[PDB]
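Participant: coordinates only, sequence not included:
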């Protein structure tokens, strides 16, 4: 159906800034669903099978939510004309060492539960050195 | 409710012509009918006879109908902005002589039955003489 | 069955139903005159709404005084509602009335209390003071109703922010802004809200349309804000964001009624879902026996044209079919060229849709939701409605002082008018917002004590006779309390009108 | 109880039903391209409409071959519809495309074909040649959609009339004329119509949308106009005036389907009633088991905007709730900036409205209308749908060559998809307008005679397996004809899918 | 509703209904003759009961051969039942019972009437005694004391059928209680879809008088209304002076009660007691009966070999006869104890294997035609299994009978 494409992960300083990009390709059709009709969540996988939620944004960007570990530092956004969602993440620290995935729901609203999402990116590595 | 007032009746010679006018005022606030929402029928009653259906016009004038006795001779029209419904009578002949009523239905469409009407005008006399 | 009903419908038959849904009109420039108000009342207004989003106490005082004078003239009891401005970011005021922006411009957004009335394409004012501290560079600031998007670029002073406009949209004045960013710490009742609430209480409004209700605790904060003087005033929680739908069960429990603001709702959630949320909210309110109102986007095109669009008409009709108690007009009646005409259209749509609804489906669906052993109170109300159906009653007459009973009878959705005889004028006015009810007032002081509950019954029967509801020979259902208990009605009689 | 369903609805949960309603798209400049058609199909088009009100026989031959090629590319069976111009007085062509008229002006209205294309504010052409002999001085001529009115002042020439313009209005090209004098006596099919009907049979269209159908004899006439070459093709009567509604019962009996033209209905009858008339027509069609289409004013703003209004969306949703089989785009896909997106919106609205409906209500209501005894044919179809509910089947699979059976199962509104295994490609295409159905073609010429129906039955199960409908362990209902009879299915099987 | 049905009953209209209830007759001195057996059979009997409390092995061998002979002459499949002696005047299977049960198994009886059944364990001891040679014979458990009623649910799951010995019950429990116990047990069986029979005190006075008492007659009618599949005669047909007239009397009562019962109540009751994902077997059966009502079919032809389907269709109590086309003769005989069923036999060896399932169907339709049930133009419900399914009926056809 809809597919996602990610970019901008890498290595940076403790306290330095990155802007991860996640761009989306086609549609689903069976349900008339397309990137602009889907909420998007950003989830992170540290070393270990513990994908946890990082943030979420509704279909039209009018609603955002974050885990508290990241609140006030990270900014989730979306450009529907370009079919891309961004996770801005400055003033980064060693805890946020992880592989970062974007995922797209069925729905206009996002979830904190990974299994409630239908399409995923590959996950791109972010490492913050001390 | 709505009130109707006719005018324009009188005397004419066989083959002459008249224009009846019926002016409205008021509303059935209980429902929200203003003549601009109500169909209008025209009836006549000849002396000693009963109320004849003559013709009808839908709420916005896009639908009219006439009894065969008057088809091709009579014309019903209406102007909602002036709150007036009109009946034009051409080639008037003596048995069209009667008292003429306009009446208003609480529907967009008219009926040919007098009882299906909710409000009536006072009626105006039309007398068609021979010659 | 609705199917069976549908296939029997005729467009050529005149309808003969008594309008059961109720119409709320907001008051403004086109209608604040006493004469204008009388015309809206004749046209079918039941509650006059004051949008406290704009306007001075002197203005709203005037609206209040005029509607009381007009009602007094027509011998009516009209409810007055106070719609709060609410905890909503607003955009100052703009000079020469308007200002437009093109993408690629740069515009300052300041919180310096100055420039509040100046307001130029170049720099304008906003309601939130800590806006410079919360929205950081790159942040997305959505103005009007999300229509405009802005990106925060510059820091500037402690008071001002430089932002890139990502538009093509002309602003109109004192608009609201709903910024998606969090750390907003939204209040429930602003200081302005609180003083406006007192003004209402002190001046005697009948109901509060509480704005931007998100949680149940907000509804309690609003209750608190009305002091002992305001314990009798209804609170109707305005559901206008996703959280509103999220907590609708708690909010229904805590409120006296709900208002579905569909425009406000459409800004955060997709239309298709708003449709569904409306079905959900309205129906939950029906089952709870509390009034629900549909408010925005009603016959909006009629503010300037003398005809609405067909889709607009169906939208209204859909609200009624859906189960809505009241529909509410906004600009159409406040600042519109056709106030009486649009109220009369609302009257016509209500009657048409009520008449196309299957008389019995709601009574049956609500009754089958009921756990069995029913309370006596519930039994009495449901049974009065089924009695009315079986005898083909033309009216139910209930004698209720607070109106609780009248709402409980309306919940079972009978097919005839409900007449409520009260001794309280506050009840006459507050029942204007429940479907099918019509109040008759008994002046205890003016006449007897009606211990027997007999003068009141006469008052009710008399009314329904003059109203056009009942004639000699027809059957009426009368629900009241016996003279051995108090608190709630538990007694019912079936009477044939004589004259 | 929809009430019960409503109060359990959640907008936060993803939807799960499979789209049952069908989408008709009219083709024009934005879409006649083969690649555009492939995009329209992927997006959810099921039948492609040709508006014969305009276009050359070469133009429409192009649409036919392009939709054929696009479908072949995607492996789909798309129905092609021919929407007639119909016998309805129109005006002609203007110098420049436009001309404006002011109240108090005078305009000439001629039927001389020389002004046929040079139409100016001062004198313009009308197709009906005897219009001068029919409308007598003082008579009213309605143009566009009753927007422009004329009062005939004089019959100046042998074939032109001088008229006083009463309102102010700007007209553009080939708009329609309504003479409210009655006495117009329009045919059922114009000479142009008759030759277009022949063109349609000769190119193999699947269905005719017949215009301005007012009586049952008119649909019978249209039937006549298709020889035996075109007798297997569906006639869908467009109901667009008061007579259409008056005679709707006759018209359903004589037609294969109905099209509710809500725009044209609005010209003569008020909006509140169009709402009622639409419920009446849709439900009568449901009970007749015939397809019905809702047509006008669907998502019209999305011809130039990228989002429709919420009221437009609830209008569409309401059509589906109402019971409509299909919805039809017009300008949205013909001459519109956002064709694929509007089709997909309509898909999302269709699905949302399915899931908000109570699964069982329409079934129970249809069943309670049928008097006993039932025909064997109908008993088999109804009993098969109710089996489906009782075992919670994930799909019904009927083997129908003409499609009778699939329409009769659709009549009973099951819960799951209906898969029709047919040997006739024409029925594959025609079944695109009945709800829940999806065909699968069996080429007898390529394969066996499948007397034991095991190969077809497999093709169907397989189909439902691959499309995700059913998986090993689920239950399916299979309906067909026994090996002792032919003509109509009379036999049903209950199968657990194996893998 | 039954109320509405009652208020429009008339004692003057000839009643027209095909008898759905089945009569069991006990054989003794008055009826062991082959001629007398033929007379019982013509005058409505469907099963022959052997009372092993009295009589030698030779005596019952006589009755077995004689019923087989009279049945053969009339072309009917009559069942034979062996009524056990029981531990009478504690174990479940007396040694005598064991030898009697093996005699019955070796001689081919169709069912056992297990006496004094108290626990489900005892009915399973009986099934053990029957062995593999009697693996397929019906065990009908006779409830004749309070432990029987107390344990009725276990006893029903373990048995094939249940028999209410109301006279035996009346010795430990008061009569009004027996009334209530009969309704309980009949309906528990009705829901379970297993045959239930009423046994003692039936038309006992007709043993010596030419007509019974009105109270006796309503007692029989009240068994039928209560839901019982079968009624059983005891001394009436064994020692009695009017065996043929009493069987005929049972037939008239059965028909009148059947015609006085409301046709749909049972069906609606049984159906609404079912759980909402029905199983495909149960679904095909119920919907066949349902379809029969909706189309007013005059017959339901079911193709079962074991008769399972026929019992299941019967559980839903349709309006019309159920013709079972079977290939196993023991099923023809065992089905005589289920309400509304009538088996037609198709010899798979003597006639070509009906692999198509199509000749059996025709056989059934011809049977229904001749009996008088169905006439050219009438509809019928056909229920069988497809070329490839796992040994149970799963498809259903609706047929209009044509001139043939």
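Facilitator: Structure's in. What do you need? Numbers count the residues shown, from 1 in each chain, chains lettered A, B, ... in the order given.
Participant: Let's check: the centremost residue of chain A is which one?
Facilitator: Here the mean C-alpha position of chain A is nearest to the C-alpha of residue A:42 (CA atoms, centre = their mean), at a distance of 2.6 Å.
Participant: So which residues on chain C come close to chain A?
Facilitator: Contact residues (CB under 8 Å from any CB of the partner chain) of chain C with chain A: C:136, C:138-140, C:142, C:146, C:178, C:180-183, C:242, C:267-270, C:273. For every residue, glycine as well, the C-beta is placed using N, CA and C.
Participant: Just the buried residues from those, in PyMOL please.
Facilitator: Those of the residues of chain C next to chain A that count as buried under 16 or more other CB atoms under 10 Å in any protein chain shown are selected in PyMOL with:
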select buried, chain C and resi 136+139+140+142+146+178+180+181+242+267+268+269+270+273
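Participant: Tell me which helix or strand the residue in chain C positioned nearest to chain E sits in.
Facilitator: Across chain C, no residue is closer to chain E than residue C:368, which sits at 15.7 Å (CB to the nearest CB). Counting by DSSP states H and E, the element that carries residue C:368 is helix C:361-369.
Participant: The following helix or strand past that helix near chain D at all?
Facilitator: Downstream of helix C:361-369, the first helix or strand assigned by DSSP H and E is helix C:376-391. No - in terms of CB under 8 Å from any CB, no part of helix C:376-391 sits within range of chain D; the closest distance is 14.8 Å.
Participant: Go through helix C:376-391 and flag the buried ones.
Facilitator: With the criterion 16+ other CB under 10 Å, helix C:376-391 contains buried residues C:378, C:380, C:381, C:382, C:383, C:384, C:385, C:386, C:387, C:388, C:389.
Participant: The helix or strand that it is followed by pairs with which strands, parallel or anti?
Facilitator: Later in the chain than helix C:376-391, the nearest helix or strand by DSSP H and E is strand C:395-399. Strand pairing for strand C:395-399, using DSSP bridges, gives strand C:418-422 (parallel), strand C:475-480 (parallel).
Participant: How many residues are close by residue 28?
Facilitator: In the absence of a named chain, chain A is used. For residue A:28, the tally of surrounding residues (other CB atoms under 10 Å in any protein chain shown) stands at 18.
Participant: Chain C is the one I meant
Facilitator: Residue C:28 is surrounded by 22 other residues when neighbours are defined as other CB under 10 Å.
Participant: Next, the contact list for it, please.
Facilitator: When contacts are counted by CB atoms under 8 Å, 6 or more residues apart in numbering or on different chains, residue C:28 touches C:51, C:331, C:333, C:334, C:335.
Participant: Spatially nearest residue to residue C:290, not counting backbone neighbours?
Facilitator: Leaving out its chain neighbours, the residue that sits closest to residue C:290 by CB to CB, 6 or more residues apart in numbering or on different chains is residue C:257, at 5.0 Å.
Participant: I should have written residue C:452 there, sorry.
Facilitator: Closest residue to residue C:452 in three dimensions, ignoring its sequence neighbours and counting by CB to CB, 6+ apart: residue C:483, at 7.6 Å.
Participant: Quick check: the one you found is in a helix.
Facilitator: No - the assignment for residue C:483 by DSSP: H, G, I helix; E, B strand; the rest coil gives coil, which leaves it out of any helix.
Participant: Distance of it relative to chain A?
Facilitator: Residue C:483 sits 56 Å away from chain A when distances are taken as CB to the nearest CB, to the nearest Å.
Participant: give the contact list for that residue.
Facilitator: Residue C:483 makes contact with C:451, C:452, C:453, according to CB under 8 Å, 6+ apart.
Participant: Residue C:42 now?
Facilitator: Residue C:42 makes contacts with B:27, B:29, C:74, C:340, as judged by CB under 8 Å, 6+ apart.
Participant: Residue A:103 pairs with what?
Facilitator: Bridge pairing for residue A:103 - DSSP bridges - gives residue A:41, residue A:120.
Participant: got the contact list for it?
Facilitator: If a contact means CB under 8 Å, 6+ apart, then residue A:103 has A:4, A:40, A:41, A:42, A:43, A:114, A:117, A:118, A:119, A:120, A:121 as its contacts.
Participant: Residue C:295 contacts residue C:258, correct?
Facilitator: No - taking CB atoms under 8 Å as the definition, residue C:295 is not a contact partner of residue C:258, at 10.4 Å.
Participant: which one of the two has more residues nearby?
Facilitator: Each of residue C:295 and residue C:258 had its neighbours counted (other CB under 10 Å), and the higher figure belongs to residue C:295 (28 against 25).
Participant: picking up where we left off before, please identify the deepest-packed of the strands paired with strand C:395-399.
Facilitator: For those, the stretch with the most neighbours on average is strand C:418-422, a mean of 26; neighbours defined as mean count of other CB atoms under 10 Å in any protein chain shown.
Participant: got a list of contacts for that one?
Facilitator: C:395-401, C:403, C:405-406, C:409-410, C:427-428, C:431, C:436-442, C:456-457, C:459-460, C:463-464, C:469.
Participant: and with 7 Å instead?
Facilitator: When contacts are taken as CB atoms under 7 Å, 6 or more residues apart in numbering or on different chains, the neighbours of strand C:418-422 outside the stretch itself are C:395-401, C:403, C:406, C:409-410, C:428, C:431, C:436-442, C:456, C:459-460, C:463-464.
Participant: Going by distance to chain E, which of the contacts of residue A:103 wins?
Facilitator: The shortest gap between chain E and any of those belongs to residue A:118, at 27.8 Å (CB to the nearest CB).
Participant: so who does that closest one touch?
Facilitator: The neighbourhood of residue A:118, defined by CB under 7 Å, 6+ apart, consists of A:104, A:105, A:106.
Participant: The residues you listed also near chain E: which ones?
Facilitator: For chain E, no contacts are drawn from these by CB under 7 Å from any CB of the partner chain.
Participant: Scan those and report the most crowded one.
Facilitator: residue A:104 (28 neighbours).
Participant: my guess is it contacts residue A:43, does it?
Facilitator: No - under the criterion of CB atoms under 7 Å, residue A:104 makes no contact with residue A:43, lying 11.5 Å away.
Participant: for the stretch 151-300 of chain C, what spans make up the strands?
Facilitator: For the stretch 151-300 of chain C, the strands defined by DSSP state E, counting those that start in this stretch cover C:160-165, C:169-171, C:176-177, C:207-210, C:234-239, C:257-260, C:292-294.
Participant: How about chain A?
Facilitator: Using DSSP state E, the strands of chain A run over A:4-7, A:10-13, A:19-24, A:40-45, A:52-57, A:64-66, A:74-79, A:84-89, A:98-104, A:119-120, A:124-129.
Participant: what does chain A have sitting close to chain C?
Facilitator: If contacts are counted using CB under 7 Å from any CB, the residues of chain A sitting beside chain C are A:59, A:61, A:62, A:63, A:64, A:65, A:72, A:75, A:77, A:88, A:108, A:109.
Participant: isn't the second one right up against residue C:180?
Facilitator: Yes - under the criterion of CB under 7 Å, residue A:61 lies in contact with residue C:180, with a separation of 6.2 Å.
Participant: Give me the common contacts of those two.
Facilitator: With contacts taken as CB under 7 Å, 6+ apart, residue A:61 and residue C:180 have residue C:140 as neighbours in common.
Participant: quick one on the thing from earlier: among the contacts of residue C:483, name the buried ones.
Facilitator: Buried members of those, scored by 16+ other CB under 10 Å, are residue C:453.
Participant: from the contacts of residue C:483, which ones fall inside strands?
Facilitator: Using DSSP E, the subset of those located in strands is empty.
Participant: Sitting in helices, which of the contacts of residue C:483 do you find?
Facilitator: Counting by DSSP state H, none of the members of the contacts of residue C:483 fall within helices.
Participant: Who are the contact partners of residue C:259?
Facilitator: Listed by CB under 7 Å, 6+ apart, the contact partners of residue C:259 are C:209, C:236, C:238, C:239, C:293, C:295.
Participant: Those, buried ones only, as a PyMOL selection?
Facilitator: Provided next is the PyMOL selection string for whichever of the contacts of residue C:259 are buried by 16+ other CB under 10 Å:
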select buried, chain C and resi 209+236+238+239+293+295
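Participant: filter the contacts of residue C:259 by proximity to chain B?
Facilitator: Of the residues in the contacts of residue C:259, proximity to chain B by CB under 7 Å from any CB holds for none.
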